[PDB]
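To start, the structure under review is shown below, and the notes come after it.
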Ligand SMILES: [Cl-]
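And the structure:
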């Protein structure tokens, strides 16, 4: 378990997206667990490799 979405993003080397997750309203794991590729694109994860890494990480929840 992570203490916050930030801690999670940081842990999976995706800390660069912290502010953009938070501003888009993804501040709980309940929301992030339902995240899709379209969501990731909307908030600014433009790289498919980062999208894949993020989505593979959430598929654990
Ligand atoms: Cl934090």
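Numbering (UniProt numbering), first residue to last: 908 to 968.
Built from N, CA and C at the ideal position, the CB exists for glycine as well.
First through last residue of the alpha helix (DSSP H) which encompasses residue i
i: residue 941; result: No alpha helix (DSSP H) contains residue 941, which DSSP labels as neither H nor E.
i: residue 912; result: 912-918
i: residue 930; result: 925-930
i: residue 957; result: 955-965
Same chain, Cβ closer than 7 angstroms to residue i, five either side skipped, listed in chain order
i: residue 956; result: none
i: residue 958; result: 944, 947 and 952
Sub-8 angstroms separation of residue i and residue j beta-carbons
i: residue 951; j: residue 927; result: yes
Span separating the alpha-carbon of residue i from that of residue j
i: residue 934; j: residue 920; result: 18 angstroms
Environment of residue i [buried if 16+ CB atoms lie within 10 Å]
i: residue 948; result: exposed
i: residue 916; result: buried
Residues near residue i in its chain [Cβ-Cβ closer than 8 angstroms; skip 5 each side]
i: residue 942; result: 933, 961, 962 and 965
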